[PDB]
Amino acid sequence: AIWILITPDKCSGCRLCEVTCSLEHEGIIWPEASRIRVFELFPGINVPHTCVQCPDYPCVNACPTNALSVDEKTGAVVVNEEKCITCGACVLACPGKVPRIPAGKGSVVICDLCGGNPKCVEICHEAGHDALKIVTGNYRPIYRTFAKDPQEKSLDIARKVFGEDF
């Protein structure tokens, strides 16, 4: 099993992860349909944000139409887009507000770990940023605490960097 460990302060904001993921899954450039999204709420504070595969899968258990399931091999969430009624229940169940319904899609998008070979990690590594890395091994419960609001992570980082002047 794999898990994506994120180091926001190594994130350049290149968003090649968004390009790679949305080209891979949608065939087109589509920032809001990428399953990893980078939040730049203040210039130069870049916070990549994606699924952490909560062991209790709040999204999967909140889905009223059973559009969501768990892949047996990867542990990733899998979306059946045909069943999805875009009700927002998984959005609200998620401790990190990860599920995203892009405009006109007709379904959520949630990271499926690229079936076990993240293309976002590969391009981030190729670019030399390494803001995303893969940890291999058993799930650790602390991973679940990385699912938190991207705006709180952004304000945390901005105060760490800019201090009382932010």
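One-based numbering along the sequence shown.
- Message: Per the record, averaged over C-alpha atoms, which has the higher B-factor: 95-103 or 65-73?
- Response: Averaging CA B-factors over each stretch, the winner is 65-73.
- Which wins on mean Cα temperature factor, 20-28 or 6-14? The stretch with the larger average C-alpha B-factor is 20-28.
- Task: Classify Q151 as lowest, middle or highest third according to the C-alpha B-factor given in the PDB entry, relative to its own chain.
- Result: Highest third.
- Could you say whether, by C-alpha temperature factor, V60 belongs to the lowest, middle or highest third of its chain? As the PDB entry reports it, the C-alpha B-factor of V60 lands in the highest third of its chain.
- Mind checking which third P118 falls in for C-alpha B-factor across the chain? Tercile = middle for this residue's CA B-factor.
- Query: Relative to the other modelled residues in the chain, which third contains the C-alpha temperature factor of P48: lowest, middle or highest?
  - Reply: Lowest third.
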